[PDB]
Amino acid sequence: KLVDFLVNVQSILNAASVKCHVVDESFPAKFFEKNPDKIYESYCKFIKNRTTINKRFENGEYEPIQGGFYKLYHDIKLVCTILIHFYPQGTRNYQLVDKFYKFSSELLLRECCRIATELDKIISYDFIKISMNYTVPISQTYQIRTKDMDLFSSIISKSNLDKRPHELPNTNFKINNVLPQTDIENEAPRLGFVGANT
Amino acid sequence: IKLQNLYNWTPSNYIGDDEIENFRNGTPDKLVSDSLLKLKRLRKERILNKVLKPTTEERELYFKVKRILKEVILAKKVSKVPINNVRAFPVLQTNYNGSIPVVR
Amino acid sequence: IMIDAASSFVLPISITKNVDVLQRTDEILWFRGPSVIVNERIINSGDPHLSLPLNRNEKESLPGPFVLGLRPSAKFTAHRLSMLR
Amino acid sequence: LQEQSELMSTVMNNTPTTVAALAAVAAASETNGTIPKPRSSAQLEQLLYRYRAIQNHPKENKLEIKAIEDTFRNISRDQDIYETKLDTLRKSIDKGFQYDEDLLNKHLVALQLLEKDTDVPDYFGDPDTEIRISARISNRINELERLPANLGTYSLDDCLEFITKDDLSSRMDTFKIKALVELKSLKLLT
Amino acid sequence: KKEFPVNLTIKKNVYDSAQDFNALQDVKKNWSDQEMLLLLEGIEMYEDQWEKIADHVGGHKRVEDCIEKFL
Amino acid sequence: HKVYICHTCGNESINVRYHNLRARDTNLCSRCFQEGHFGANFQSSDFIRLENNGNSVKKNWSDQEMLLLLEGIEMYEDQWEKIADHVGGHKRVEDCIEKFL
Amino acid sequence: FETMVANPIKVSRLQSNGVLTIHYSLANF
Amino acid sequence: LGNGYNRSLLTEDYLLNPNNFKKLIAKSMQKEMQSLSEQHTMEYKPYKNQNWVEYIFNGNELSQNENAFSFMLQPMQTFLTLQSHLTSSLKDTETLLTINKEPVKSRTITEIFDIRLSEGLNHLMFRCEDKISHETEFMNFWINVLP
Ligand SMILES: [Zn+2]
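If you're matching them up, the sequences are chains A, B, C, D, E, F, G and H in order. Under the authors' numbering, the residues of the first sequence are numbered 9 to 58, 74 to 138, 169 to 251, in order. Note that the authors' numbering has the second sequence beginning at 388, numbered continuously upward. Under the authors' numbering, the residues of the third sequence are numbered 741 to 766, 788 to 817, 855 to 883, in order. Under the authors' numbering, the residues of the fourth sequence are numbered 2 to 34, 45 to 135, 187 to 252, in order. Under the authors' numbering, the residues of the fifth sequence are numbered 221 to 246, 311 to 355, in order. Note that the authors' numbering has the sixth sequence beginning at 255, numbered continuously upward. Under the authors' numbering, the residues of the seventh sequence are numbered 29 to 49, 58 to 65, in order. Under the authors' numbering, the residues of the eighth sequence are numbered 364 to 390, 429 to 449, 478 to 537, 587 to 625, in order.
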């Protein structure tokens with residue numbers, strides 16, 4: 009079960025890396041094995057102080088245990104943080120690493136599991182709350198106060214592992230956070246509504 | 388009043404079987420051929436009556452036919468049980484209004 | 741209710757020095794309203810966290863949003879990447 | 002007077018205890034013409060579970076609970092009748108029959124066509191019958207006009223594309239175009 | 221021969237109307317879209333073994349229930 | 255080849271448009287449809303992904319060509335010049351009527 | 029910067045739908 | 364970087380719906434949800478059909494170079510209320526809220591406001607400041623109430 013589970017992950021990450029070549033990047037040992045929140049600060053320590076991800080499977084660095092897929096998680100996150108800081112934020116390979124990181128993390132998060170408010174004082178008094186919660190990373194836009202137009206911008210495609218300071222092409226820009234809307238969907242109207250007889 | 392004979396409940400078990408045990412001692416496929424002709428004839432009488440809903444006599448007869456072929460796949464384990472699928476299925480997708488406000 | 745509103749505006753000052761990430765005209790598009798962030802497109806219309814059957855106060859911190867998105871297994875994707883070539 | 006649907010209306014409105022259909026000889030027996048032994052798998056059977064679980068608290072104002080619990084004995088009997096009958100079926104199977112594939116091909120195809128009410132070939187003027195054609199055409203238009211507009215697909219071939227969190231795969235509208243060619247050609251027939 | 225094609229994946233079932241797809245409906313026998321995806325997935329992989337597909341679905345559906353779904 | 259200018263901006267759709275099904279004469283880029291810049295009136299369900307590239311050898315009649323033919327007869331009810339470019343312009347007048355009948 | 033009224037980008041719906049991309061049809065010298 | 368310019372004031376800001384929208388309809430499947438920007442969990446609780482969503486803003490780890498926020502409200506949800514849990518009213522902390530330009534006074587540390595929104599965008603410019611310490615923090619909520 010876990011033997012194919014190393015092979016099926018490996019067969020995807022080689023074939024899903026032809027346009028971006030993250031897996032064939034020059035990657036040293038980089039033995040941190042720390043908190044994944046520390047995975048760049050220990051690497052920033054590694055830059056100040058001083074075997075690739077394809078060759079990690081080939082050297083058998085990854086065992087059929089959680090730690091063998093934790094190092095598989097640790098070494099992948101090290102390469103993408105190298106490649107995000109290498110490229111500027113507008114190049115195609117910056118977002119190609121950003122697209123490959125989001126896919127490979129989504130591939131590793133699953134399949135290892137297979138193997169104070171007056172409104173709340175009324176509703177919890179009135180209802181029974183079966184609950185479900187989760188985390189989501191939001192994006193940002195710009196905010197411009199022009200002459201009563203109150204302009205907005207598009208979504209900046211800066212990755213979540215960029216960690217660069219807030220530069221501004223204009224200081225009269227304001228910056229706003231776009232909260233993502235997620236719930237049960239409002240019921241779409243029927244097919245007679247969309248495509249009626251005109 | 389039981390529980391697992393009360394939660395495990397389909398429309399294909401209210402009749403029970405009452406005919407297939409006698410017929411499975413011989414061939415099982417002749418009742419498949421003779422009842423789909425009754426399903427086709429009753430459907431012809433449904434189109435020629437300007438009616439839409441299926442009768443209770445052919446719906447109860449429909450779950451008889453699916454129970455025959457299932458046990459041949461279950462126990463006899465037919466050498467193909469042929470897979471001809473469209474390899475797709477309809478799912479609901481999310482919808483959203485635009486964020487640019489309306490102009491009147 | 742009109743349809744032909746502009747909703748896309750361009751400031752005349754060419755500030756295209758640090759702007760390679762945003763949406764350009766080919788100048789910067791400045792819309793009338795903000796953006797819409799959607800988590801997942803395909804919903805899982807089964808999955809009894811959402812279906813709510815009428816049989817039998856509990857919380858459940860599910861792992862991420864990817865439970866409700868219909869993803870396939872890597873075993874078949876390896877079975878399909880072997881079906882690739 | 003739709004006694005099996007008024008319980009669904011009381012369940013969907015989340016108030017099946019404030020009225021509870023007011024079961025007497027004038028109300029519980031008027032909408033029934045003993046409960047009429049509902050037909051669905053669980054869409055009308057899980058209703059009677061919650062209807063009894065709600066009427067466990069009054070337990071005496073509603074005399075129809077004896078009529079509901081009698082069919083609870085009949086459901087547990089006919090399941091037990093079938094579970095002995097399914098067991099006597101699985102022993103009455105001849106150890107050799109060798110079910111023919113090309114008849115099972117004709118049995119898998121003809122069953123799938125007869126499920127969703129289409130004409131099956133055998134291979135085994188006159189305005190009276192003009193209304194009986196147009197009553198099936200208008201049957202189809204009113205069935206296509208109840209599908210939701212946000213219909214999407216999922217093929218088994220998207221795993222070679224490696225769709226990200228927001229990638230907009232190009233196979234999402236391979237069912238939505240076919241449902242609108244069908245709905246609009248059924249209006250341009252004249 | 222030019223024939224109008226039959227669209228069975230859009231057609232709702234008439235005799236039962238409870239084994240339709242979950243977008244077309246308006311142990312456990314619920315059969316969510318995940319196990320419905322894993323059913324055709326193991327059918328594409330294991331090709332009607334009904335036991336390698338029964339645990340590729342995820343165990344909550346019986347072998348008879350995979351054959352009841354496949355029909 | 256046609257050009258398909260994106261609605262609610264001035265960008266050009268490269269090879270794929272999101273044709274509105276209630277405005278029925280507007281197209282969108284993927285980016286203008288991803289962030290919901292089509293105005294708060296439309297519900298993102300009235301947007302069929304249509305393509306802008308030239309199709310295969312003729313008398314094939316893909317469902318994009320079939321629906322865009324079916325939109326025009328609901329739009330115009332005549333003027334098969336105005337139907338043939340609505341299919342994409344790579345189909346003759348003599349073929350769409352030969353396809354419709 | 030708040031006296032910097034921007035340029036509206038008009039779509040002109042007929043240009044959005046079907047504009048194609058004359059001496060090259062040689063019948064006009 | 365503006366994360367070192369975090370908010371000294373403004374512990375919690377609640378954008379809960381009023382009980383008037385509940386009591387005029389109701390007389429539930431809870432779905433908490435948090436965002437990966439270190440703060441502002443957005444919990445909500447619909448039922449099979479009202480929602481009564483709630484945008485809480487625990488502004489202790491929120492920045493002040495990023496003052497504005499943006500979300501979208503339903504056409505049924507045009508009313509909002511604040512619950513401005515500050516750090517402390519050590520002085521007369523001035524909490525004003527111009528929805529676009531219109532100041533909302535209060536309902537009457588924790589100050590409750592009465593926000594009624596119109597369709598389309600809203601500024602909802604909220605701020606706190608102290609007279610003596612002379613330190614301002616800004617809150618903007620680009621609320622696009624749906625038609
Ligand atoms: Zn565009």
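C-beta atoms are modelled at their ideal positions from N, C-alpha and C, and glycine is treated no differently.
Exercise for the section: Say yes only if the C-beta of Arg285 of chain F is nearer than 7 Å to one or more non-hydrogen atoms of ligand 1, and no if none qualify. Expected result: yes
Handout entry: Neighbour flag for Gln333 of chain F against chain D, beta carbons, 8 Å
Key = no
Problem - Own chain partners of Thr374 of chain H with C-beta closer than 8 Å, once the 5 adjacent residues on each side are dropped - result: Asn487, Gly488, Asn489, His514, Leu515 and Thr516
Practice task
Kindly list the residues whose CB is nearer than 8 Å to the CB of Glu406 of chain B, restricted to its own chain and excluding five residues on each side of it in sequence; keep chain order.
Solution key: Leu418 and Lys451
Practice task
Report the residue from A:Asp215, A:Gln234, A:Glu240 and A:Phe205 whose alpha carbon sits nearest the alpha carbon of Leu762 of chain C.
Solution key: A:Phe205
Practice task
Quickly, what does DSSP pair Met9 of chain D with across the bridge? List them, please.
Solution key: Bridge partners of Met9 of chain D: none, in fact.
Practice task
Taking 8 Å as the cut-off, decide whether the C-beta atoms of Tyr134 of chain D and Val465 of chain B are in contact.
Solution key: no
Practice task
State yes or no: is the beta carbon of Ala241 of chain A nearer than 8 Å to at least one beta carbon in chain B?
Solution key: yes
Exercise for the section: Just the chain E side, please: which residues come within less than 9 Å of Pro809 of chain C by C-beta, in chain order? Expected result: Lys312, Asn314 and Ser316
Exercise for the section: Tell me whether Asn274 of chain F counts as near ligand 1, meaning its Cβ is closer than 7 Å to at least one heavy atom of that ligand. Expected result: no
Handout entry: Interface residues of the segment 469-485 of chain B facing chain C [CB-CB below 8 Å]
Key = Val478, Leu479, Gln480, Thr481, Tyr483 and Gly485
Practice task
Answer yes if the segment 91-111 of chain A comes into contact with the segment 185-201 of chain A, meaning at least three C-beta pairs across the two stretches below 8 Å, and no otherwise.
Solution key: no
Handout entry: For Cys286 of chain F, the three-state DSSP class (helix, strand or coil)
Key = helix
Problem - Within chain A, the residues that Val33 of chain G reaches when beta carbons sit closer than 8 Å - result: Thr199, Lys200 and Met202
Handout entry: Beta-carbon gap between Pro87 of chain A and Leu10 of chain A smaller than 8 Å
Key = yes
Practice task
Give the DSSP bridge partners of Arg764 of chain C, in chain order.
Solution key: C:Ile789
Handout entry: Proximity test, Cβ basis, 8 Å: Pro863 of chain C and chain A
Key = yes
Exercise for the section: Go ahead and pull the three-state DSSP assignment for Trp315 of chain E. Expected result: coil
Practice task
Would you mind sorting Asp220 of chain D into buried or exposed? The rule is 16 or more other CB atoms within 10 Å of its CB.
Solution key: buried
Exercise for the section: Hey, could you find the ends of the beta strand (DSSP E) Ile621 of chain H is sitting in? Expected result: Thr614 to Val623
Handout entry: Residue span of the alpha helix (DSSP H) that contains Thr875 of chain C, given as start and end
Key = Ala872 to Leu882
Exercise for the section: Determine the chain E residues that contact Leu860 of chain C at a beta-carbon separation under 8 Å, and present them in chain order. Expected result: Under the 8 Å cutoff, chain E gives no residues; its nearest Cβ is about 13 Å from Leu860 of chain C.
Handout entry: Bounding residues of the beta strand (DSSP E) (the contiguous stretch that carries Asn487 of chain H)
Key = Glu483 to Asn487
Practice task
Can you give me the Cβ contacts of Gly403 of chain B inside the same chain, cut-off strictly under 7 Å, excluding the 5 residues immediately before and after it?
Solution key: none
Practice task
Helix, strand or coil for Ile104 of chain D, going by three-state DSSP, please let me know.
Solution key: coil
Handout entry: Residue of F:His340, F:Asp339, F:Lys313 and F:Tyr330 minimising C-alpha distance to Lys353 of chain F
Key = F:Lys313
Problem - Cβ-based neighbour list, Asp592 of chain H, same chain, cut-off 7 Å, excluding 5 preceding and 5 following - result: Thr510, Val533 and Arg536
Practice task
Find the residues of chain F that neighbour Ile37 of chain G, judging by a C-beta separation of less than 7 Å, and give them in chain order.
Solution key: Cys263 and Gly264
Handout entry: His441 of chain H burial status per 10 Å Cβ neighbour count (16 or more: buried)
Key = buried
Exercise for the section: State yes or no: is the C-beta of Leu322 of chain F within less than 8 Å of the C-beta of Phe301 of chain F? Expected result: no
Problem - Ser44 of chain G at chain F interface by Cβ criterion, 8 Å - result: yes
Handout entry: Nearest candidate by alpha-carbon position, reference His255 of chain F, set G:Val33, G:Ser61 and G:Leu48
Key = G:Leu48
Handout entry: Segment contact, 8 Å Cβ cut-off, at least three pairs: the segment 467-480 of chain B with the segment 211-228 of chain D
Key = yes
Problem - Partner residues on chain C for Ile487 of chain B, Cβ-Cβ distance less than 7 Å - result: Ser747, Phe792, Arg793 and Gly794
Problem - Residues bridged to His273 of chain F (per DSSP) - result: F:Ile302
Handout entry: Span of the alpha helix (DSSP H) around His340 of chain F
Key = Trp334 to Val341
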